[PDB]
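> Hey, dropping structure.cif in here, mmCIF, C-alpha atoms and all ligand atoms:
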```cif
data_start
#
loop_
_atom_site.group_PDB
_atom_site.id
_atom_site.type_symbol
_atom_site.label_atom_id
_atom_site.label_comp_id
_atom_site.auth_asym_id
_atom_site.auth_seq_id
_atom_site.Cartn_x
_atom_site.Cartn_y
_atom_site.Cartn_z
ATOM 1 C CA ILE D 1 1.097 -73.047 -78.521
ATOM 2 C CA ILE D 2 2.565 -76.195 -80.048
ATOM 3 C CA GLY D 3 5.588 -77.818 -78.424
ATOM 4 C CA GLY D 4 5.751 -75.389 -75.492
ATOM 5 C CA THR D 5 5.489 -75.661 -71.699
ATOM 6 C CA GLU D 6 2.915 -74.489 -69.165
ATOM 7 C CA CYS D 7 3.864 -71.043 -67.831
ATOM 8 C CA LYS D 8 4.579 -70.618 -64.165
ATOM 9 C CA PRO D 9 1.183 -69.180 -63.153
ATOM 10 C CA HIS D 10 1.046 -65.358 -63.339
ATOM 11 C CA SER D 11 4.672 -65.160 -64.568
ATOM 12 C CA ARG D 12 3.577 -63.092 -67.596
ATOM 13 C CA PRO D 13 1.349 -60.555 -65.847
ATOM 14 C CA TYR D 14 0.742 -58.447 -68.968
ATOM 15 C CA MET D 15 -1.004 -61.312 -70.845
ATOM 16 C CA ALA D 16 -4.611 -60.708 -71.874
ATOM 17 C CA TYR D 17 -7.169 -63.311 -72.876
ATOM 18 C CA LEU D 18 -9.663 -61.905 -75.346
ATOM 19 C CA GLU D 19 -13.157 -63.286 -75.971
ATOM 20 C CA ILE D 20 -14.456 -61.708 -79.232
ATOM 21 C CA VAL D 21 -18.175 -61.501 -80.145
ATOM 22 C CA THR D 22 -19.403 -61.621 -83.803
ATOM 23 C CA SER D 23 -23.081 -60.893 -84.671
ATOM 24 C CA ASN D 24 -23.416 -64.075 -86.867
ATOM 25 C CA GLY D 25 -21.147 -66.625 -85.125
ATOM 26 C CA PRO D 26 -20.140 -67.951 -81.676
ATOM 27 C CA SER D 27 -17.312 -66.371 -79.664
ATOM 28 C CA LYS D 28 -13.725 -66.473 -80.862
ATOM 29 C CA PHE D 29 -10.574 -66.144 -78.765
ATOM 30 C CA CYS D 30 -7.242 -64.352 -79.093
ATOM 31 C CA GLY D 31 -4.291 -63.226 -77.009
ATOM 32 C CA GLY D 32 -3.051 -59.690 -76.338
ATOM 33 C CA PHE D 33 -0.987 -57.746 -73.853
ATOM 34 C CA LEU D 34 -1.482 -54.841 -71.481
ATOM 35 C CA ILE D 35 0.686 -51.881 -72.544
ATOM 36 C CA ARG D 36 -1.067 -49.241 -70.372
ATOM 37 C CA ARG D 37 -3.494 -49.802 -67.513
ATOM 38 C CA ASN D 38 -6.400 -49.087 -69.904
ATOM 39 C CA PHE D 39 -4.915 -50.336 -73.219
ATOM 40 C CA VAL D 40 -4.337 -53.800 -74.682
ATOM 41 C CA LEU D 41 -2.337 -54.403 -77.858
ATOM 42 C CA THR D 42 -3.412 -57.288 -80.102
ATOM 43 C CA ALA D 43 -3.907 -58.315 -83.761
ATOM 44 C CA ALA D 44 -6.414 -56.470 -85.982
ATOM 45 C CA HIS D 45 -7.808 -59.843 -87.188
ATOM 46 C CA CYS D 46 -9.050 -60.293 -83.569
ATOM 47 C CA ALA D 47 -11.569 -57.444 -84.049
ATOM 48 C CA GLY D 48 -15.255 -58.193 -83.522
ATOM 49 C CA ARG D 49 -18.607 -56.560 -82.640
ATOM 50 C CA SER D 50 -17.456 -56.512 -78.971
ATOM 51 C CA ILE D 51 -14.519 -57.766 -76.886
ATOM 52 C CA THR D 52 -13.978 -58.707 -73.256
ATOM 53 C CA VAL D 53 -10.498 -58.880 -71.779
ATOM 54 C CA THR D 54 -9.469 -61.151 -68.912
ATOM 55 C CA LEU D 55 -6.268 -60.119 -67.113
ATOM 56 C CA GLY D 56 -4.619 -62.139 -64.339
ATOM 57 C CA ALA D 57 -5.465 -65.543 -65.826
ATOM 58 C CA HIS D 58 -3.549 -68.784 -65.836
ATOM 59 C CA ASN D 59 -6.145 -71.576 -66.072
ATOM 60 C CA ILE D 60 -8.754 -69.686 -68.028
ATOM 61 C CA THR D 61 -11.513 -72.105 -67.043
ATOM 62 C CA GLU D 62 -11.286 -71.412 -63.322
ATOM 63 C CA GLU D 63 -12.114 -67.964 -61.936
ATOM 64 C CA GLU D 64 -9.726 -66.759 -59.234
ATOM 65 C CA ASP D 65 -9.032 -63.569 -57.300
ATOM 66 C CA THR D 66 -6.237 -62.561 -59.751
ATOM 67 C CA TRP D 67 -8.832 -62.217 -62.547
ATOM 68 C CA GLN D 68 -9.847 -58.811 -63.755
ATOM 69 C CA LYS D 69 -12.512 -59.063 -66.455
ATOM 70 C CA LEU D 70 -12.707 -55.727 -68.202
ATOM 71 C CA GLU D 71 -15.015 -54.265 -70.845
ATOM 72 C CA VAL D 72 -13.478 -52.841 -74.016
ATOM 73 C CA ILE D 73 -15.153 -49.538 -74.910
ATOM 74 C CA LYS D 74 -13.454 -49.019 -78.263
ATOM 75 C CA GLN D 75 -11.405 -50.974 -80.792
ATOM 76 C CA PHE D 76 -8.663 -49.121 -82.722
ATOM 77 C CA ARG D 77 -7.829 -51.295 -85.714
ATOM 78 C CA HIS D 78 -4.911 -50.044 -87.784
ATOM 79 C CA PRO D 79 -6.456 -47.872 -90.538
ATOM 80 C CA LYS D 80 -4.436 -49.624 -93.287
ATOM 81 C CA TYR D 81 -5.220 -53.165 -92.030
ATOM 82 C CA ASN D 82 -5.887 -55.501 -94.942
ATOM 83 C CA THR D 83 -8.128 -58.511 -94.319
ATOM 84 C CA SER D 84 -6.632 -60.471 -97.275
ATOM 85 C CA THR D 85 -2.878 -59.978 -96.827
ATOM 86 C CA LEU D 86 -3.078 -59.227 -93.076
ATOM 87 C CA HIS D 87 -0.793 -56.256 -93.649
ATOM 88 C CA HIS D 88 -0.879 -53.933 -90.636
ATOM 89 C CA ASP D 89 -2.308 -56.645 -88.368
ATOM 90 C CA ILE D 90 -2.367 -54.546 -85.226
ATOM 91 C CA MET D 91 -5.112 -53.178 -82.978
ATOM 92 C CA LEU D 92 -5.406 -51.263 -79.705
ATOM 93 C CA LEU D 93 -8.258 -51.969 -77.284
ATOM 94 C CA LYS D 94 -9.275 -49.233 -74.864
ATOM 95 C CA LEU D 95 -10.604 -50.603 -71.558
ATOM 96 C CA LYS D 96 -13.537 -49.000 -69.769
ATOM 97 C CA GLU D 97 -11.386 -48.397 -66.692
ATOM 98 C CA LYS D 98 -7.755 -48.737 -65.766
ATOM 99 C CA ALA D 99 -6.779 -52.174 -64.534
ATOM 100 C CA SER D 100 -5.549 -52.676 -61.014
ATOM 101 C CA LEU D 101 -1.846 -53.342 -60.636
ATOM 102 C CA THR D 102 -1.263 -56.592 -58.791
ATOM 103 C CA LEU D 103 1.497 -59.179 -58.700
ATOM 104 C CA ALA D 104 -0.539 -61.070 -61.354
ATOM 105 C CA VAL D 105 -1.405 -58.000 -63.513
ATOM 106 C CA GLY D 106 0.979 -55.347 -64.838
ATOM 107 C CA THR D 107 1.839 -53.503 -68.041
ATOM 108 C CA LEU D 108 4.669 -54.327 -70.387
ATOM 109 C CA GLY D 120 19.002 -65.117 -85.564
ATOM 110 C CA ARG D 121 18.037 -64.524 -81.897
ATOM 111 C CA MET D 122 15.625 -66.589 -79.743
ATOM 112 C CA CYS D 123 12.316 -65.084 -78.619
ATOM 113 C CA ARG D 124 9.381 -66.345 -76.587
ATOM 114 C CA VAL D 125 5.633 -66.330 -77.197
ATOM 115 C CA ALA D 126 2.793 -67.232 -74.843
ATOM 116 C CA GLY D 127 -0.881 -68.043 -75.339
ATOM 117 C CA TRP D 128 -3.956 -70.170 -74.631
ATOM 118 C CA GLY D 129 -4.183 -71.409 -78.245
ATOM 119 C CA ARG D 130 -4.400 -75.000 -79.529
ATOM 120 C CA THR D 131 -1.497 -77.310 -78.669
ATOM 121 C CA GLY D 132 -1.792 -79.161 -81.975
ATOM 122 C CA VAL D 133 -3.554 -78.994 -85.329
ATOM 123 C CA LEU D 134 -6.362 -81.227 -84.085
ATOM 124 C CA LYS D 135 -6.165 -80.293 -80.384
ATOM 125 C CA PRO D 136 -8.421 -77.927 -78.409
ATOM 126 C CA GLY D 137 -7.276 -74.595 -76.964
ATOM 127 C CA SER D 138 -5.178 -74.863 -73.802
ATOM 128 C CA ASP D 139 -6.836 -74.401 -70.427
ATOM 129 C CA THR D 140 -3.546 -72.921 -69.175
ATOM 130 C CA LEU D 141 -1.149 -70.269 -70.463
ATOM 131 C CA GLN D 142 1.624 -71.961 -72.444
ATOM 132 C CA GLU D 143 4.929 -70.579 -73.712
ATOM 133 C CA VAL D 144 7.471 -71.535 -76.375
ATOM 134 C CA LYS D 145 10.921 -70.289 -77.468
ATOM 135 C CA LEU D 146 11.142 -69.666 -81.241
ATOM 136 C CA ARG D 147 13.958 -68.555 -83.520
ATOM 137 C CA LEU D 148 13.798 -65.272 -85.428
ATOM 138 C CA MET D 149 14.426 -66.194 -89.082
ATOM 139 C CA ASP D 150 15.870 -64.367 -92.069
ATOM 140 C CA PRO D 151 12.921 -63.034 -94.138
ATOM 141 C CA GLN D 152 13.690 -65.480 -96.977
ATOM 142 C CA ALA D 153 12.422 -68.213 -94.641
ATOM 143 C CA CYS D 154 8.916 -66.663 -95.004
ATOM 144 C CA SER D 155 8.985 -66.114 -98.788
ATOM 145 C CA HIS D 156 6.224 -68.683 -99.395
ATOM 146 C CA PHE D 157 3.860 -66.268 -97.639
ATOM 147 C CA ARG D 158 3.647 -64.295 -100.874
ATOM 148 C CA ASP D 159 2.468 -61.092 -99.156
ATOM 149 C CA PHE D 160 5.063 -61.217 -96.328
ATOM 150 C CA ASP D 161 7.121 -58.029 -96.041
ATOM 151 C CA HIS D 162 10.321 -57.946 -94.002
ATOM 152 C CA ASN D 163 9.861 -54.257 -93.149
ATOM 153 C CA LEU D 164 6.369 -54.848 -91.693
ATOM 154 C CA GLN D 165 6.691 -58.343 -90.261
ATOM 155 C CA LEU D 166 8.918 -60.815 -88.426
ATOM 156 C CA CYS D 167 9.499 -64.376 -89.606
ATOM 157 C CA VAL D 168 9.374 -66.648 -86.562
ATOM 158 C CA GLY D 169 10.108 -70.309 -85.985
ATOM 159 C CA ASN D 170 12.777 -72.700 -87.246
ATOM 160 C CA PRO D 171 11.152 -74.925 -89.913
ATOM 161 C CA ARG D 172 13.089 -77.962 -88.567
ATOM 162 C CA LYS D 173 11.163 -77.815 -85.288
ATOM 163 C CA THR D 174 7.430 -78.339 -84.636
ATOM 164 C CA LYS D 175 7.434 -75.536 -82.042
ATOM 165 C CA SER D 176 4.965 -72.830 -83.092
ATOM 166 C CA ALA D 177 2.234 -70.419 -82.092
ATOM 167 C CA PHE D 178 -1.150 -71.537 -83.497
ATOM 168 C CA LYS D 179 -4.900 -70.875 -83.536
ATOM 169 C CA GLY D 180 -5.914 -69.020 -80.355
ATOM 170 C CA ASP D 181 -2.417 -67.498 -79.880
ATOM 171 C CA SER D 182 -3.187 -64.676 -82.383
ATOM 172 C CA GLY D 183 -2.670 -61.156 -80.933
ATOM 173 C CA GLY D 184 -0.172 -62.359 -78.319
ATOM 174 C CA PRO D 185 3.283 -60.761 -77.949
ATOM 175 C CA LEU D 186 6.612 -62.154 -78.992
ATOM 176 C CA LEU D 187 9.205 -61.053 -76.431
ATOM 177 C CA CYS D 188 12.916 -60.933 -77.225
ATOM 178 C CA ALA D 189 15.175 -60.270 -74.205
ATOM 179 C CA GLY D 190 11.990 -59.334 -72.276
ATOM 180 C CA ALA D 191 10.851 -56.635 -74.739
ATOM 181 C CA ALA D 192 7.797 -57.046 -76.990
ATOM 182 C CA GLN D 193 8.962 -57.172 -80.605
ATOM 183 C CA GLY D 194 6.157 -59.028 -82.425
ATOM 184 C CA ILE D 195 2.432 -59.765 -82.455
ATOM 185 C CA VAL D 196 1.264 -63.280 -83.478
ATOM 186 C CA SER D 197 -0.430 -62.783 -86.905
ATOM 187 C CA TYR D 198 -0.664 -65.852 -89.147
ATOM 188 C CA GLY D 199 0.792 -69.108 -90.409
ATOM 189 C CA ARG D 200 0.112 -72.363 -92.220
ATOM 190 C CA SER D 201 -2.938 -74.472 -91.433
ATOM 191 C CA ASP D 202 -0.616 -77.511 -90.987
ATOM 192 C CA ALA D 203 1.344 -75.594 -88.269
ATOM 193 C CA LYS D 204 4.655 -76.001 -90.188
ATOM 194 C CA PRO D 205 6.917 -73.089 -89.071
ATOM 195 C CA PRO D 206 7.754 -70.430 -89.709
ATOM 196 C CA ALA D 207 4.882 -68.041 -88.899
ATOM 197 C CA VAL D 208 4.402 -64.334 -89.515
ATOM 198 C CA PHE D 209 4.334 -61.761 -86.705
ATOM 199 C CA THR D 210 3.610 -58.043 -86.861
ATOM 200 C CA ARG D 211 6.852 -56.030 -86.425
ATOM 201 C CA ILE D 212 5.899 -53.715 -83.556
ATOM 202 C CA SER D 213 8.752 -51.227 -84.123
ATOM 203 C CA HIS D 214 7.218 -50.172 -87.461
ATOM 204 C CA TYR D 215 3.929 -49.244 -85.744
ATOM 205 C CA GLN D 216 5.329 -47.439 -82.714
ATOM 206 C CA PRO D 217 4.401 -43.937 -84.086
ATOM 207 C CA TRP D 218 0.827 -45.073 -84.740
ATOM 208 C CA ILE D 219 0.619 -46.691 -81.292
ATOM 209 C CA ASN D 220 1.733 -43.387 -79.732
ATOM 210 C CA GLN D 221 -0.781 -41.406 -81.783
ATOM 211 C CA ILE D 222 -3.720 -43.526 -80.577
ATOM 212 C CA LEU D 223 -2.632 -43.435 -76.917
ATOM 213 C CA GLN D 224 -2.186 -39.621 -76.955
ATOM 214 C CA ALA D 225 -5.652 -39.039 -78.455
ATOM 215 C CA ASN D 226 -7.377 -41.425 -76.023
HETATM 216 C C1 LIG D 301 -5.728 -55.486 -99.639
HETATM 217 O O1 LIG D 301 -4.608 -55.959 -100.378
HETATM 218 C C2 LIG D 301 -5.011 -56.459 -101.676
HETATM 219 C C3 LIG D 301 -3.829 -57.168 -102.324
HETATM 220 O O2 LIG D 301 -2.702 -56.316 -102.636
HETATM 221 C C4 LIG D 301 -5.564 -55.271 -102.464
HETATM 222 O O3 LIG D 301 -5.914 -55.727 -103.762
HETATM 223 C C5 LIG D 301 -5.094 -55.134 -104.766
HETATM 224 O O4 LIG D 301 -5.392 -53.755 -104.888
HETATM 225 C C6 LIG D 301 -4.638 -53.095 -105.917
HETATM 226 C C7 LIG D 301 -5.071 -51.649 -105.886
HETATM 227 O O5 LIG D 301 -4.603 -51.058 -104.656
HETATM 228 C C8 LIG D 301 -4.875 -53.749 -107.279
HETATM 229 O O6 LIG D 301 -3.901 -53.142 -108.127
HETATM 230 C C9 LIG D 301 -4.278 -53.144 -109.498
HETATM 231 O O7 LIG D 301 -3.813 -54.343 -110.154
HETATM 232 C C10 LIG D 301 -4.184 -54.404 -111.547
HETATM 233 C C11 LIG D 301 -3.750 -55.765 -112.065
HETATM 234 O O8 LIG D 301 -4.607 -56.809 -111.576
HETATM 235 C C12 LIG D 301 -4.521 -58.053 -112.279
HETATM 236 O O9 LIG D 301 -3.227 -58.651 -112.116
HETATM 237 C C13 LIG D 301 -2.883 -59.140 -110.789
HETATM 238 C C14 LIG D 301 -1.599 -59.921 -110.952
HETATM 239 O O10 LIG D 301 -0.621 -59.088 -111.517
HETATM 240 C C15 LIG D 301 -3.984 -60.024 -110.203
HETATM 241 O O11 LIG D 301 -3.651 -60.320 -108.859
HETATM 242 C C16 LIG D 301 -5.318 -59.321 -110.291
HETATM 243 O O12 LIG D 301 -6.338 -60.135 -109.710
HETATM 244 C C17 LIG D 301 -5.599 -59.011 -111.748
HETATM 245 O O13 LIG D 301 -5.635 -60.197 -112.558
HETATM 246 C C18 LIG D 301 -3.513 -53.202 -112.252
HETATM 247 O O14 LIG D 301 -3.834 -53.226 -113.656
HETATM 248 C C19 LIG D 301 -3.990 -51.901 -111.592
HETATM 249 O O15 LIG D 301 -3.360 -50.770 -112.197
HETATM 250 C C20 LIG D 301 -3.678 -51.917 -110.111
HETATM 251 O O16 LIG D 301 -2.274 -51.843 -109.841
HETATM 252 C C21 LIG D 301 -4.670 -55.264 -107.226
HETATM 253 O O17 LIG D 301 -5.099 -55.914 -108.422
HETATM 254 C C22 LIG D 301 -5.439 -55.880 -106.060
HETATM 255 N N1 LIG D 301 -5.158 -57.299 -105.942
HETATM 256 C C23 LIG D 301 -6.061 -58.265 -105.712
HETATM 257 C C24 LIG D 301 -5.512 -59.660 -105.637
HETATM 258 O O18 LIG D 301 -7.266 -58.026 -105.583
HETATM 259 C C25 LIG D 301 -6.813 -54.725 -101.773
HETATM 260 O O19 LIG D 301 -7.355 -53.597 -102.467
HETATM 261 C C26 LIG D 301 -6.480 -54.342 -100.329
HETATM 262 N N2 LIG D 301 -7.681 -54.010 -99.585
HETATM 263 C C27 LIG D 301 -7.791 -52.900 -98.827
HETATM 264 C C28 LIG D 301 -9.173 -52.473 -98.435
HETATM 265 O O20 LIG D 301 -6.806 -52.269 -98.454
HETATM 266 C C1 LIG D 302 -2.376 -63.752 -95.238
HETATM 267 N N1 LIG D 302 -2.101 -65.172 -94.951
HETATM 268 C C2 LIG D 302 -1.193 -65.918 -95.565
HETATM 269 O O1 LIG D 302 -0.446 -65.541 -96.462
HETATM 270 O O2 LIG D 302 -1.207 -67.175 -95.049
HETATM 271 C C3 LIG D 302 -2.171 -67.171 -94.086
HETATM 272 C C4 LIG D 302 -2.630 -68.158 -93.235
HETATM 273 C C5 LIG D 302 -3.641 -67.883 -92.328
HETATM 274 N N2 LIG D 302 -4.059 -68.919 -91.498
HETATM 275 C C6 LIG D 302 -4.844 -69.932 -92.038
HETATM 276 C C7 LIG D 302 -5.265 -70.989 -91.249
HETATM 277 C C8 LIG D 302 -6.145 -72.075 -91.884
HETATM 278 O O3 LIG D 302 -6.227 -72.078 -93.125
HETATM 279 O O4 LIG D 302 -6.767 -72.867 -91.146
HETATM 280 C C9 LIG D 302 -4.888 -71.033 -89.911
HETATM 281 O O5 LIG D 302 -5.240 -71.957 -89.188
HETATM 282 N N3 LIG D 302 -4.093 -70.030 -89.355
HETATM 283 C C10 LIG D 302 -3.751 -70.161 -87.922
HETATM 284 C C11 LIG D 302 -4.147 -68.886 -87.144
HETATM 285 C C12 LIG D 302 -2.880 -68.397 -86.444
HETATM 286 C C13 LIG D 302 -1.763 -69.330 -86.902
HETATM 287 C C14 LIG D 302 -2.240 -70.323 -87.743
HETATM 288 C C15 LIG D 302 -1.361 -71.266 -88.251
HETATM 289 C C16 LIG D 302 -0.014 -71.210 -87.923
HETATM 290 C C17 LIG D 302 0.457 -70.207 -87.085
HETATM 291 C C18 LIG D 302 -0.421 -69.264 -86.571
HETATM 292 C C19 LIG D 302 0.081 -68.153 -85.644
HETATM 293 F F1 LIG D 302 -0.512 -68.255 -84.462
HETATM 294 F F2 LIG D 302 1.393 -68.261 -85.489
HETATM 295 F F3 LIG D 302 -0.213 -66.975 -86.173
HETATM 296 C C20 LIG D 302 -3.670 -68.959 -90.155
HETATM 297 O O6 LIG D 302 -2.966 -68.060 -89.707
HETATM 298 C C21 LIG D 302 -4.204 -66.615 -92.272
HETATM 299 C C22 LIG D 302 -3.744 -65.619 -93.129
HETATM 300 C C23 LIG D 302 -2.728 -65.899 -94.033
HETATM 301 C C1 LIG D 303 -8.171 -75.978 -65.226
HETATM 302 O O1 LIG D 303 -9.346 -75.819 -64.459
HETATM 303 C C2 LIG D 303 -10.374 -76.772 -64.784
HETATM 304 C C3 LIG D 303 -11.590 -76.373 -63.998
HETATM 305 O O2 LIG D 303 -11.274 -76.463 -62.623
HETATM 306 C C4 LIG D 303 -9.896 -78.192 -64.481
HETATM 307 O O3 LIG D 303 -10.914 -79.056 -64.980
HETATM 308 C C5 LIG D 303 -11.177 -80.260 -64.231
HETATM 309 O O4 LIG D 303 -10.260 -81.275 -64.618
HETATM 310 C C6 LIG D 303 -10.516 -82.579 -64.040
HETATM 311 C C7 LIG D 303 -9.460 -83.528 -64.571
HETATM 312 O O5 LIG D 303 -8.159 -82.941 -64.646
HETATM 313 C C8 LIG D 303 -11.928 -83.034 -64.407
HETATM 314 O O6 LIG D 303 -12.222 -84.301 -63.822
HETATM 315 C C9 LIG D 303 -12.931 -82.011 -63.896
HETATM 316 O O7 LIG D 303 -14.259 -82.393 -64.222
HETATM 317 C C10 LIG D 303 -12.641 -80.636 -64.495
HETATM 318 N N1 LIG D 303 -13.617 -79.667 -64.021
HETATM 319 C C11 LIG D 303 -14.334 -78.854 -64.813
HETATM 320 C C12 LIG D 303 -15.423 -78.064 -64.150
HETATM 321 O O8 LIG D 303 -14.101 -78.733 -66.014
HETATM 322 C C13 LIG D 303 -8.581 -78.456 -65.200
HETATM 323 O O9 LIG D 303 -7.957 -79.672 -64.809
HETATM 324 C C14 LIG D 303 -7.571 -77.347 -64.931
HETATM 325 N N2 LIG D 303 -6.455 -77.558 -65.813
HETATM 326 C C15 LIG D 303 -5.165 -77.636 -65.512
HETATM 327 C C16 LIG D 303 -4.720 -77.092 -64.184
HETATM 328 O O10 LIG D 303 -4.382 -78.074 -66.348
HETATM 329 ZN ZN ZN D 304 -3.607 -67.810 -59.496
#
```
Kindly transcribe the structure held in the file into structure tokens.
Ligand SMILES: *[C@@H]1O[C@H](CO)[C@@H](O[C@@H]2O[C@H](CO)[C@@H](O[C@@H]3O[C@H](CO[C@H]4O[C@H](CO)[C@@H](O)[C@H](O)[C@@H]4O)[C@@H](O)[C@H](O)[C@@H]3O)[C@H](O)[C@H]2NC(C)=O)[C@H](O)[C@H]1NC(C)=O
Ligand SMILES: Cn1c(=O)oc2cc(-n3cc(C(=O)O)c(=O)n([C@@H]4CCc5c4cccc5C(F)(F)F)c3=O)ccc21
Ligand SMILES: *[C@@H]1O[C@H](CO)[C@@H](O[C@@H]2O[C@H](CO)[C@@H](O)[C@H](O)[C@H]2NC(C)=O)[C@H](O)[C@H]1NC(C)=O
Ligand SMILES: [Zn+2]

Amino acid sequence: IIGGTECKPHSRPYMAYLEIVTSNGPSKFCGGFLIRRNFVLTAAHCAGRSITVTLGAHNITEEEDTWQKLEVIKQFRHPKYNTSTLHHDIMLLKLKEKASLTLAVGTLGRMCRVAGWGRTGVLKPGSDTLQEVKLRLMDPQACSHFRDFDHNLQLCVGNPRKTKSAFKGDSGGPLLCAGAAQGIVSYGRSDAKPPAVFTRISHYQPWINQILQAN
């Protein structure tokens, strides 16, 4: 998160920190959010050979009693997900058991908010602490330069006149508008110039329901 503020610890109790394993590279990291006690919603580009979720985290470097580290048994990447265009950049992770409900862990033109542990600048490392930023929802024309952006599938997020932005490491995290999840962090420019592209959750709600009911 570029240009944001440190979250009040545990104030976003649905946030999930994902550590993703690849067979031929070191670990990668993404965000996500708990939508049922045994399901996390994230971006399809955060798929890997295996994933661990950490719920209850603020400072991700320091283990505390709020932490619940949970195994993912199965990854449900959207069947139409496209690795080039990042169309249908959405994925459900089924956890091995249901999370415990605690104060720190629970399920979940206008201004919206996004949180994550991603980098705080192009050249900066990932944040130790959960950060949050308020971003403007833009008209789709603002995202035209992303040649494969589609207004029906995706939100266009972040006033280009501000530096404020989600960035590397924030992928998979939710965008909340009036407290309801409306987007998933998907992609943007390497130079962090807003706006960025988010998955439009509303479009995928039938598919979300289909996975949950079968699992
Ligand atoms: C992920 O999305 C990719 C981008 O849309 C998919 O690649 C596209 O797949 C379609 C088939 O579904 C191909 O459609 C064909 O296009 C040719 C014309 O190709 C030439 O012209 C375009 C520019 O107009 C250029 O981009 C191409 O490279 C070629 O020079 C038609 O003659 C065919 O009838 C048909 O419509 C696209 O060409 C193709 N685009 C690219 C850039 O590869 C990809 O298949 C998706 N992957 C998955 C697994 O879903
Ligand atoms: C499909 N697509 C597209 O049209 O433009 C594309 C950009 C990329 N692409 C490339 C990067 C690079 O080259 O280093 C790069 O760093 N990032 C990071 C990763 C997440 C992110 C980046 C930058 C700005 C904002 C965000 C986000 F968090 F808001 F999503 C990136 O998304 C990934 C596919 C696309
Ligand atoms: C997050 O937790 C880590 C681990 O406790 C903190 O890291 C320490 O930071 C101080 C300086 O601020 C260093 O001198 C220590 O060596 C660090 N310890 C380790 C083991 O890395 C970090 O400050 C915390 N971050 C916050 C709260 O922003
Ligand atoms: Zn705590």
> Applying 9 Å and all atoms listed in the file, which residues near residue 154 of chain D remain after dropping the ones on its own chain fewer than 5 positions away? List them as a list in words.
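Skipping anything fewer than 5 positions along the chain leaves residues 149, 160, 161, 162, 166, 167, 168, 205, 206, 207 and 208 of chain D.
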> Within 12 Å of (-14.8, -69.6, -79.4) (file coordinates; only C-alpha atoms), which protein or nucleic acid residues are there? I'd like them as a count of residues only.
20
> Excluding residue 7 of chain D and any residue of its chain fewer than 5 positions from it, enumerate the residues within 7 Å of it, using only C-alpha atoms, and give them as an NGL selection string.
:D and (141-143)
> Within 9 Å of ligand LIG 301 (chain D) (counting all atoms listed in the file), which residues show up? I'd like them as a VMD selection string.
chain D and resid 80 to 87 159
> Name the residues, by chain letter and number, that sit within 9 Å of ligand LIG 303 (chain D) using only C-alpha atoms and all ligand atoms, and give them as a JSON list (two decimals) with C-alpha atoms, in the coordinates of the input.

```json
[["chain", "number", "residue", "atom", "x", "y", "z"],
["D", 6, "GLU", "CA", 2.92, -74.49, -69.17],
["D", 58, "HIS", "CA", -3.55, -68.78, -65.84],
["D", 59, "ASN", "CA", -6.14, -71.58, -66.07],
["D", 60, "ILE", "CA", -8.75, -69.69, -68.03],
["D", 61, "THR", "CA", -11.51, -72.10, -67.04],
["D", 62, "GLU", "CA", -11.29, -71.41, -63.32],
["D", 63, "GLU", "CA", -12.11, -67.96, -61.94],
["D", 138, "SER", "CA", -5.18, -74.86, -73.80],
["D", 139, "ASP", "CA", -6.84, -74.40, -70.43],
["D", 140, "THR", "CA", -3.55, -72.92, -69.18]]
```
> At what distance in Å, to one decimal, does atom CA of residue 146 of chain D lie from atom CA of residue 169 of chain D?
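According to the coordinates, atom CA of residue 169 of chain D and atom CA of residue 146 of chain D are separated by 4.9 Å.
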> Around the point (-6.1, -50.8, -89.2), in the coordinates given by the file, pick out the residues reaching within 8 Å, counting only C-alpha atoms, and return them as a PyMOL selection string.
chain D and resi 44+76-82+88-91
> Which is closer to ligand LIG 302 (chain D) than all the others in D:216, D:176, D:193, D:52, using all atoms listed in the file?
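Smallest separation from ligand LIG 302 (chain D) among the options: D:176.
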> Here's the selection I'm unsure about, the PyMOL selection byres (((chain D and resi 102) around 12) and not hetatm); applied to the file above, which residues does it give, as number ranges by chain?
D: 10-14, 37, 55-56, 65-68, 99-101, 103-107
> Taking the file above as input, evaluate the PyMOL selection byres (((chain D and resi 185) around 10) and not hetatm) and report the hits as a VMD selection string.
chain D and resid 14 to 16 31 to 34 41 to 43 124 to 127 181 to 184 186 to 188 191 to 197 209 to 210 212
> Once you add 4 Å to each side, what are the centre and edge lengths of the axis-aligned box holding all listed atoms of ligand LIG 302 (chain D)? One decimal in Å, as lines of an AutoDock Vina configuration file, if you can.

```
center_x = -2.7
center_y = -68.3
center_z = -90.5
size_x = 16.2
size_y = 17.1
size_z = 20.0
```
> Restricted to N, CA and C atoms, what does segment 147-152 of chain D look like when written out as an mmCIF file, in the first residue's frame?

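Full text of part04.cif as output:
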```cif
data_model
loop_
_atom_site.group_PDB
_atom_site.id
_atom_site.type_symbol
_atom_site.label_atom_id
_atom_site.label_comp_id
_atom_site.auth_asym_id
_atom_site.auth_seq_id
_atom_site.Cartn_x
_atom_site.Cartn_y
_atom_site.Cartn_z
ATOM 1 N N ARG D 147 -10.303 6.375 -4.983
ATOM 2 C CA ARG D 147 -11.508 6.769 -5.684
ATOM 3 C C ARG D 147 -11.840 5.717 -6.744
ATOM 4 N N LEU D 148 -13.121 5.344 -6.824
ATOM 5 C CA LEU D 148 -13.613 4.567 -7.958
ATOM 6 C C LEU D 148 -13.719 5.481 -9.187
ATOM 7 N N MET D 149 -13.079 5.081 -10.295
ATOM 8 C CA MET D 149 -13.016 5.896 -11.489
ATOM 9 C C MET D 149 -13.983 5.379 -12.555
ATOM 10 N N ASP D 150 -14.383 6.293 -13.453
ATOM 11 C CA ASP D 150 -15.040 5.928 -14.690
ATOM 12 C C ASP D 150 -14.141 4.990 -15.486
ATOM 13 N N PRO D 151 -14.680 3.997 -16.225
ATOM 14 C CA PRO D 151 -13.818 2.999 -16.853
ATOM 15 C C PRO D 151 -12.839 3.585 -17.866
ATOM 16 N N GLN D 152 -13.181 4.727 -18.463
ATOM 17 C CA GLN D 152 -12.283 5.404 -19.401
ATOM 18 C C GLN D 152 -10.919 5.700 -18.769
#
```
